[PDB]
Structure formats: C-alpha cells, structure tokens
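Read through the structure below, which is laid out as structure tokens, and then see the notes.
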Amino acid sequence: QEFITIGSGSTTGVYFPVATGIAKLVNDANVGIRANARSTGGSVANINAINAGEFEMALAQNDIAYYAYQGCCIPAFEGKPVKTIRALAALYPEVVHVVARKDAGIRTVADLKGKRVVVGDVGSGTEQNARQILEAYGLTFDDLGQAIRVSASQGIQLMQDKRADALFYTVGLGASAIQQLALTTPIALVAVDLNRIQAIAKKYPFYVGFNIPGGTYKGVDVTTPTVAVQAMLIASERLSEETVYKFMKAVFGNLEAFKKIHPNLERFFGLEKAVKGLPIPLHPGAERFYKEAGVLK
Ligand SMILES: N[C@@H](CCC(=O)O)C(=O)O
C-alpha cells in the first residue's frame, strides 16, 4: 500500500475529525492507499510538514496556504516560498471565535489588553489571525497579560479553571472544544469588526464577514458578528497524479459519504465551491477529477 498521513489540528477541533473521516473513507475504497490522520498544531505546522516530506496531505486555511506559497505576509514563511503544496478542495468556512469568560472584563477585542489569552496553538493558523486582528484593534501580544499557545483541549481547560480569560480559535462552527467549554463555563463570543480588518485587506485578502448564529454554543444566544477564512485540503506536489486522482474519486466521488464526515461538510461543501477562489494551484490529480466531474471545463 501507499501510505498517506493527513495533518490536521487539535483532536477537539474540526480538522481532526474531518481528516480522520477522510482517511477512513479512502481506506474503505480499497484503492491501494492506507491513510491516517495526525493531530498537530494546525495550518503552519501542517504546511511545514508537507514541505519537509513528513506528511503527504493536510488541512490548512486558505490564507495560510497563500502566504506559504508566496513566501510572504506571516513570519513563518516570509522570504522563502513553499511551492511544494497543491490544493485538493476548498471545504467549509473557518470562523474566528474569540471566546471570553463572562467574569473577565472583556466585551470587545480592545478589552483583551492585560488579560490572559490563548492566542492559538504553536504552528496554528489561529495565532496568525489573532495577531492580525489584535493589531487592527491597536494591540500586540505584548499588550496581553499573557499570550498562551496551547492545544484546543488545553486551552479550554485553562478557561474552565480561570487560568485564562479568553481564547482565539479559527475553526469551523461546532468544534467540540468550544461546545464542551460552553457546557461547563459562562462564556461569551466577542465580535470582530470586518471594517477594522478591512483597513488591512490589502495585506490580508481572505477575510470575509461571518455571523455565528445565536444558539450555536450553549448560553451564547445572541449572534456573533466576526470574520472567516476557508478550510482547504492540500497535498504534496510530490504525490503522483494517479494516486491523487484515485484518492479524489474515493473521497469526493462519494459525496453522500463525504458529507457524513462532519456537519460543516453537510452544511457548506459542494463540488463547484471546492474549486472557487483557490489560493494555490490544484494538484494534477485533482484537476483531472474535477474536469471529469464537469466542475472544471
Ligand atoms: N484553522 C486552524 C485549525 C482548525 C481546526 O483544527 O479545525 C489552524 O490552522 O490552526
């Protein structure tokens, strides 16, 4: 068998269940691939691991993938393009969640000054968005009381224990980590003003407005106006066309099966959307798949 490891994120985010379900589905297709998901810090770690030859595929944010491919915009990639990544599919929106304890004196992003904040994991996309958003509100990590980098499960535990005041997570709606925190702890979601971000859209062009419906998380009954990017499935350029083509048919050829993997896929995924506005080139095997499917002409 040909072994594929799919980098993901924290076990209580959305990448990890999605990657796990993708891996199972391609294994079940009996196409000579043996796939597994791996938990990681998220997008930056995942791209680095593809480039290093450690992972064959991963989930990543569209913004981070662009920055990697261009060698720009964030410190992790500035100065050295990562041209070894290719797109397979745009998947679903990843929303910037800014979670605050209700007792912490936080109603806006500006209130994070002096607070203990989980800014994202080491190697996360989340941290990059947090840094950009804080600067749009006139803050740096140094203005925080503590800038904490940990996994989603560690981060929610800190907020449960009142060892953190707030937590950022760029993640699909309905992440277990967030759901679990809302069940135990009085929390709110802090708004992120797109227009304040928009002042920085020249530099960071992938933010879109996104409104988290009220009642998504327990006790959070009001809507939350924030911003989103897009989750993507990416792959090494070094994977053969034939391997990627077979993978694509096994995973995306099976649309009902694919959408069962996570509610975000059922809600948001579609084949036409999968190829729209991509930040990096498609893998040849994906191009072939989408051409046959009639999605690319
Ligand atoms: N987009 C997040 C991870 C989201 C998830 O694990 O679902 C990141 O790159 O850090």
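Cβ sites come from the backbone with ideal geometry, for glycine too, and all protein chains shown count toward neighbours. No value in this document is a laboratory result; all are computed from the given coordinates.
Residues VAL150, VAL190, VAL171: which one is in contact with a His (Cβ under 8 Å, 6 or more places away or on another chain) and either on the phi < 0 side of the Ramachandran plot or surrounded by 18 or more Cβ atoms within 10 Å (Cβ to Cβ) (or both)? So that I can check it myself, show each step before the final result.
Numbers: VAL150 fails: in contact with a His (Cβ under 8 Å, 6 or more places away or on another chain); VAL190 fails: in contact with a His (Cβ under 8 Å, 6 or more places away or on another chain).
So the residue among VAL150, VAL190, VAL171 that is in contact with a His (Cβ under 8 Å, 6 or more places away or on another chain) and either on the phi < 0 side of the Ramachandran plot or surrounded by 18 or more Cβ atoms within 10 Å (Cβ to Cβ) (or both) is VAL171.
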(request) Hey, can you tell me all the residues within region 258-291 that are within 22 Å of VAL171 (Cα to Cα) and hydrophobic (A, V, I, L, M, F, W, C)? (result) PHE258, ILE261, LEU265, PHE268, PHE269, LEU271, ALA274, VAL275, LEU278, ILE280
(request) Determine the pairs where a residue that is free of Cβ contacts under 8 Å to residues at least 60 places away in the same chain and of a type outside the set (D, E, K, R), located within region 179-197, has a partner that is part of a loop (DSSP other than H, G, I, E, B) and crowded, with 20+ Cβ neighbours inside 10 Å with Cβ atoms under 7 Å apart, the partner being 6 or more residues away or on another chain. (result) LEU194/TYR207
(message) So, in region 64-74, exactly how many residues are outside any helix (DSSP H, G or I) and under 16 Å from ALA90 (Cβ atoms)?
(response) 0
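For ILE234, are the conditions met, namely being among the β-branched types (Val, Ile, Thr) and in contact (Cβ under 8 Å) with a residue 40 or more places away in the chain? Spell out the reasoning first.
Working: among the β-branched types (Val, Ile, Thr): yes; in contact (Cβ under 8 Å) with a residue 40 or more places away in the chain: yes.
Taking the combined requirement at face value, the residue satisfies it.
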(request) Evaluate region 49-63: report whether one residue or more is over 27 Å from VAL118 (Cα atoms), away from the ligand (no atom under 16 Å from the Cβ) and outside any loop (DSSP other than H, G, I, E, B). (result) yes
(message) Within region 12-40, take every residue that is more than 9 Å from the ligand (Cβ to nearest atom) and among the β-branched types (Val, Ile, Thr) and give me the one that is surrounded by the most Cβ atoms within 10 Å (Cβ to Cβ).
(response) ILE22
(request) Identify the residue in region 14-38 that is polar (S, T, N, Q) and assigned to a helix (DSSP H, G or I) and, among all such residues, is nearest to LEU265 (Cα to Cα). (result) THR20
(message) Tell me yes or no: at least one residue of region 118-139 is within 12 Å of the ligand (Cβ to nearest atom), outside any loop (DSSP other than H, G, I, E, B) and surrounded by fewer than 19 Cβ atoms within 10 Å (Cβ to Cβ).
(response) no
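Hey, can you tell me all the residues within region 93-117 that are touching a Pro at 6+ places or on another chain (Cβ under 8 Å) and not in a strand (DSSP E or B)? I'd like the intermediate steps shown before the answer.
Here is the first cut: in region 93-117, the residues touching a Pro at 6+ places or on another chain (Cβ under 8 Å) are 101-103.
Result: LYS102, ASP103.
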(request) Among the residues of region 148-188, count how many are within 13 Å of the ligand (Cβ to nearest atom) and in a strand (DSSP E or B). (result) 6
(request) Write out, first by first residue and then by second, each pair whose Cβ atoms fall under 7 Å of each other, whose residues are 6+ apart or on separate chains, and whose first residue, in region 268-297, is under 17 Å from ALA58 (Cα atoms) while the second is of a type in the set (S, T, N, Q) and surrounded by 18 or more Cβ atoms within 10 Å (Cβ to Cβ). (result) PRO279/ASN62; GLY285/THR243
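Please enumerate the residues belonging to region 85-117 that are within 12 Å of the ligand (Cβ to nearest atom) and in contact with an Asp or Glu (Cβ under 6 Å, 6 or more places away or on another chain).
Going residue by residue through region 85-117, those that are within 12 Å of the ligand (Cβ to nearest atom) are 91-97.
Answer for region 85-117, where residues must be within 12 Å of the ligand (Cβ to nearest atom) and in contact with an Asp or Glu (Cβ under 6 Å, 6 or more places away or on another chain): there is none.
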(request) Inspect all residues belonging to region 77-84 and state whether any of them is touching an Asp or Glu at 6+ places or on another chain (Cβ under 7 Å), closer than 30 Å to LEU278 by Cα and surrounded by fewer than 19 Cβ atoms within 10 Å (Cβ to Cβ). (result) yes
(request) Grab the helices (runs of 4 or more DSSP H) fully contained in region 233-282, keeping just those with 3 or more residues being β-branched (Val, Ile, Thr). (result) 241-252
